[PDB]
Each structure stands twice: as structure tokens, then as C-alpha cells.
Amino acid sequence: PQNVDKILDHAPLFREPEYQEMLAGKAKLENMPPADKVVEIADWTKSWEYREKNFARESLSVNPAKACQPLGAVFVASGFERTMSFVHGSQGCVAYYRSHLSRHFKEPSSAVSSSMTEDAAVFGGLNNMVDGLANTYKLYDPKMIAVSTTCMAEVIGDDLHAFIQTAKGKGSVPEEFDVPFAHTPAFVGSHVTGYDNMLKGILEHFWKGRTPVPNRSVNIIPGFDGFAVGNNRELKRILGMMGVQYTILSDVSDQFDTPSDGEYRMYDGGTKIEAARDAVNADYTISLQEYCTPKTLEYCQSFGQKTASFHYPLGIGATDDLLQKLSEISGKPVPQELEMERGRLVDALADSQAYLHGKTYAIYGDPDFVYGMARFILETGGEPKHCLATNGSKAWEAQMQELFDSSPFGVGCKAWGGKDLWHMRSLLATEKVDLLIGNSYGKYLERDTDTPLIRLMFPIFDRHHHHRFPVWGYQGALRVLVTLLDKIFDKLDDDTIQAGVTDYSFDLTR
């Protein structure tokens, strides 16, 4: 029953005897399979025989760990000063993109739709663009509107450039107002591809036809990052300590972390429009996530920039590599304060490495994340046994194999590009590992296979505020190390807490 003195909501309420009885009564008429059949099929789904059939799938995807392009377009556009993402196409898409980002960040996410309906299949979406851009510009006072497309707009084949010019001709926005655009088809690639397409469209808008006035600065593209708030602040701190001259291209770290102080800020921070325009002048562009930027880096190279890409740098060696690259670009040494951070991180790893050596992992997410996380795991003496990225290519599989081969701890390990979390479930059920690193969807894998989850990849919907703290840098690596250790120590204590049975090992000091 319910009680006002100790109110029972859903979780405990439905375990009350009257609900259990009711639900048992309902079950008698549901025509669901009998309990013994459920056990039989459940066990079978955990078998090698089921694994073989599951891995022979050719057409069905189940619990894929990837989103569609426009999510990445909204994300990247949101990192420019007073910029509204305008997704030309069907409005259900935008409701979804905004809700997905809000649930991860616990923050507002603003974007608009041109609200194309069925009549655009016959007539095209010109009036949606013209009227939409007029309404967005007037209502939301953006400095820039960044246009992307939903899958209906792609199939219909609307000419974005011509539509935008017609809008200007009709006075929707001022003639000089910035309306960069990109095609972002959901049926190619994933959200990382949309990030790349949208960013290229923004840069092309500002750079096309220009000759650089070369300078020695470096542009830095962070990529699609669930930890952008903490990570970009850490990045800035590092760059400041080194004295590097840079521009971050797409910074969402203020946008997705505004204060609650009585004012709602629709926009905050981001790459300045004039900085984006002046970024053509840099001699170097670096991407912190290869797979978020290949078309963008090719476009940078077309202005004679030298480019380098990283793979979501986590841990000692990846951070070392980034700092050495920054040092080479800038001609500035790594300063003593950063070397002290490095040495403190090494101290933590040496202190704690008995708990990390020989641990086995499954890791999934975006391709750069998986690589980066795997590399950090190898530095700990761990084994990144099952690595998986639904949006990872064969080229990425090859890069992963080269990483595995670089360490004696990589000997079991495999990278599964193009596989989904139903595939991962069969891996975890047949070749058990200690820990699973992923995103909130991984909680189902924890439930189904008893493999504990650590959330280090977008989206994180079932824990709050993790995105506020870094995972990059020496500081972020230390945060990640403590997150891993805490999960291990929590399990050790849980495994040894049963009085007179397992608590002989319930050590006070570990």
C-alpha cells in the first residue's frame, strides 16, 4: 500500500503484495511464454551457437551505438558564437536531436526545423527555407544560422545554396548575414560524419575564394564529445600553460553549461565568427578525433594547412604526443607545472597498478573514443579484449590492430567495426571480461551479462554532470584512473561483504 509518511513510487510500489498479486493475475491472460521456455531461450541467447547466428546477421541492426548525421551537425554548430542550428527537413527530427542532447547534458538544446511536410515531396522545400530562415533570424537573433538537412530533404534533393540565395533575395535575412550549409544525410555514416560535414560547410562559407595571410597559429577541432564541457576547459588550461597561439573551432563548453542564476541564456560562448574567418590564416589545423574531421581536414589542406589527427587522447602517452605536437608547432617547451602533473599521474598509476594489471575489458563507442580508451587501458596493463564501434570502418580496425600489436597486453584483442550492442552482448556472454566501458545503453549489457559498466562515452543519460569534468589531459587521465579504480574497489567490497562467508577478505586498507 501507499503511505504518506514514506511514499512509495514506482520502483518499490509495484513490489507491494497487492500489485504482485494483480500482475500475477494479468500474466495468466497475457499468453506470454512459460517461465521454463524463457529460461531455455535466455540461456540459448548466451551460447556460442547463438553467437554464431548473431554474428552472421547481414541486414538487421539491434541496439546500434550510433546516431544519424544531423545530431553531429547540431552539436558542431552549437559551438559557434550565437549560432542557431537550422535543420532543413522534417520537424520530428529536431525534437529528437534536442531531447537527446538535453538528456545527456541536463541542459537546454536549441535548434529549429524548416518543418517540411508531405507537399515538399511534390513541390520542394523552397518556401520552408525562405520563411523558416526569416522566422529564425527575427525570433532568435542569431549571429549565424547553420543549415543542415534531414533524410527527407536529402531524398527530395533540394538545392540548399539556391534556396538560401533566394531567401536573401526575398529579405529573409540580410545579404551579408552568414548562412553556412551542409548536406547531412542520415543514411551515410553517423553523427561523426555530420559533425565533419557541417564543420566543412561552416569553414567553406568563410574561407572560399580567400588567400591566406599565413601565421603560425594552430586551429584545434575537438570533435563530437560527450565530455566537451570539462575537456575543452582542460584543453584551454593546457594551451594557456604552454603559451600556444590557437583557435578552437567549435567550442560547446559554455553553451552546454550555463549557470542557473535567474537568466536563461539561449546562447553562450563559442568560437567567434571573426576567429572562424581568420582561421584560414593558420599554418596548422589539428583534429583531436580523426573520424569527426576527414573532409574538414582535406578542406584545410586545400588552403595549404598542415594537418594532424589524434584519437581522443587519453592517458599518459597520448597526452605526451599531443603536447609534443603542440611544442613542435609553437616552438614553446612543455612547462614545469605540466611535467609535475604528468609525474603525479605516473605516481597514481604506480600506486594503484596491482588492481589494474591483467584486467579485461570490453569498450565501445565512437571510433576515436574506443581507440583512445584502449590505449589508456594498455598503459595500465589491462587487456582491451572486445573493442567495438558501430560506426567504425575497416581502416579503423586496422589502426586498432596496430595499437594492439604495440603492446604485449594487446594479444587477445579484437576490434569489431560495424557491429552493434546485440553483437557485444554475445561477446560478453561467451568470452567474459571484468569491465565494460561505454555509454548508458551499456546498462542493458550489464543487466544481461553481469558485466559492470563504466560510463565514459556519449550519451550518459543515467548519471548526472559527468560531462563537467575532463577526461583529456594529465588531469583527465587521473580522473579516469580514479573512476576505473573506484569501480574495481566497489566490486571487490561487494564480493567480500557477506559476514562469515566472504568477509575474510573485506580489507580495511587496499
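One-based numbering along the sequence shown.
- Legend: mean Cα B-factor per stretch from the PDB entry, 233 to 241 versus 365 to 373; the higher mean is in 233 to 241.
- Between 115 to 123 and 351 to 359, the higher mean Cα B-factor belongs to 115 to 123.
- Going by the entry's values, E339 shows the largest Cα B-factor out of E339, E107, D420, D251.
- Of the candidates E175, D225, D434, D196, the deposited coordinates give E175 the top C-alpha B factor.
- In the PDB entry, a CA B factor belonging to the highest third of its chain's modelled residues is recorded for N215.
- Annotation for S505: CA B-factor lies in the middle third of the chain's modelled residues.
- When the modelled residues of the chain are ordered by C-alpha B-factor, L8 sits in the lowest third.
- When all modelled residues of the chain are sorted by CA temperature factor, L481 is found within the middle third.
- In this PDB entry, the Cα temperature factor of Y284 sits in the top third of its chain's modelled residues, the highest group.
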